[PDB]
């Protein structure tokens, strides 16, 4: 039940709670934070001109096959992503790949 601490399903989809580190060598999931209930995501983009947000959304849109929007934390390392029109079961399956 590893990724479950970072996700919740609302009427609109799944809110995936992440904590980003920019300037990374590769955009990828590197861990979970068990106290904050967030997936640690490295993002291979600079945190300028919204480029880390853009890369983060692109990565998860490709992973889930669904539109991903930042609902909270646009200017924070702690960001909540709405994965629109997907279920928690589908998100867990994809995160576990």
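Numbering follows the first chain given and starts at 1.
For the pair 21-29 and 76-84, the record assigns the higher mean C-alpha temperature factor to 21-29. Annotation for residue 40: CA B-factor lies in the lowest third of the chain's modelled residues.
Per the PDB record, residue ranking by Cα B-factor puts residue 56 in the lowest third of the chain. Residue 92 sits in the highest third of its chain by CA B factor, as recorded in the PDB entry.
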